[PDB]
Each structure stands twice: as structure tokens, then as C-alpha cells.
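Below you'll find only one chain, the form deposited in one PDB entry, shown as C-alpha cells.
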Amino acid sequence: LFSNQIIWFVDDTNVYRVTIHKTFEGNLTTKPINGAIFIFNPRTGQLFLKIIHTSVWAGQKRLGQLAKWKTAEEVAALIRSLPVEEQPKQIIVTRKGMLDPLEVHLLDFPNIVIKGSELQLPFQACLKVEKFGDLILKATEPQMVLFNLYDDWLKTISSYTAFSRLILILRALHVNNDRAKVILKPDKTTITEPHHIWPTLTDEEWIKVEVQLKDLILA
């Protein structure tokens, strides 16, 4: 994974989202709510969060399929906004339905390798982190927001270690949100700094939480 080339993971799982509701009359309303594309560099921790506002869906059917194409369009748009030296060499999609849309949208980038993955990388778990959930829910138009999902970790640990820690966090949040959040608050004094995503923990605290997160996923 960590060679000498820029790699992005692309997750489209959360682009088309709805809430469903049984009306007093007994019919089902399906109302789209804002979604997001997660585009993630595992070496640097850089996350490009493309917020997808509900206005993009129109007198449109099959929004689930259309969402894959909108994702591809947005990934290509991002690539075109970046200098060549910042463009990815490889794009790894978390769902196989993204392969063909991306192939078609990146024809002008013949050197980019597009591939699928069997990895469990639930960026959907970020929707359960207030910082992301609220930002997405409250958006009134599309926008892209940059985040550093590794906070200050890279000052003292490797990219490999940071990536593993992040995946454990996301997967644990995915499988049992309540228990994961307890695990990530090991002390009464535990805080998350305003510009950070994750709690400020000592090295010893991280060791224990990483084991506990892993155990939670196995359970």
C-alpha cells in the first residue's frame, strides 16, 4: 500500500442517503438527505470530503445507480483541480460498482490505476462523529472540505500505524457505536481538541484502546 506513489481510497457508500417514513395515510415517503464522498490518502491522512446536497437529485430515478456516476464525476473534477504532481497514481474503490463509472470518467488519465478491494473501511462511521455528521446534515449546497484524519499522530508514529489505528476506530464505530465511544474515552479528563477529529490520548492509552477496539470488532 505505501510505496512511493499517491494512492486514494474512494468510498461512495454515503452519497445517496434517504430517510423513510410511514405517513398517517399509510404510504411511504422517501426523502433524500445530504450525502458525502470520502476520498482518502492513507499515507498522509488527508481526507477530501465532498458533500453532496440533495438538490443534485431531480426528477431522477435510480438514484442509487446515479450516485456511482456522480461520485466518478466528482473524483475526476477533484483530479482536474489538482496539479499533476498531486494527482493519485492509484484509486482503490471500496465498492465494485464504482469501477466502470470511474473508468469512463478518467479516460484522460491513462496512467491512473483503478482497482477494487475486499478491505473493510467503513467511512460511513464518520457520519457518527458529530464533526462530520452535523456538517453534512446542515449543508445547503455542495462543497468540499479538507480534513486530516490522523490529527497529530504522524509526529510520533508511522503512516502504517496511523492507518491501522484509523481503520480500527472506523470499524469499531461501525459495529458498535456506543461501546466504541466509551472505549475512546478511557479517562474522565479525556478530550478531543477543537481542530482534531480523535481524542488526545497518551501512548499507553492508545495501546489499550487499539486492543479493545480490535476485540469489539471480533465480538
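Think of the rigid core as the biggest set of C-alphas that the two forms share within 1.5 Å after superposition. Residues carry their position along the shown sequence, with the first being 1. Residues that one form lacks are left out of the comparison.
Not pictured, yet referred to below: the form deposited in another entry.
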Quiz prompt | Answer among 190, 156, 29, 177 for the CA shift between this form and the one not shown that reaches 2 Å or more, rigid core superposed | solution = 29
Quiz prompt | After fitting the core, residue 202 CA displacement of 2 Å or more between this form and the one not shown | solution = no
Exercise. Indicate closer or farther: the Cα atoms of residue 28 and residue 69, in that other deposited form, relative to the displayed form, with a change of 3 Å or more.
Key: farther
Self-check item: Regions of at least 3 residues displaced between this form and the one not shown by 2 angstroms or more (CA, core superposed)
Solution: 19 to 31
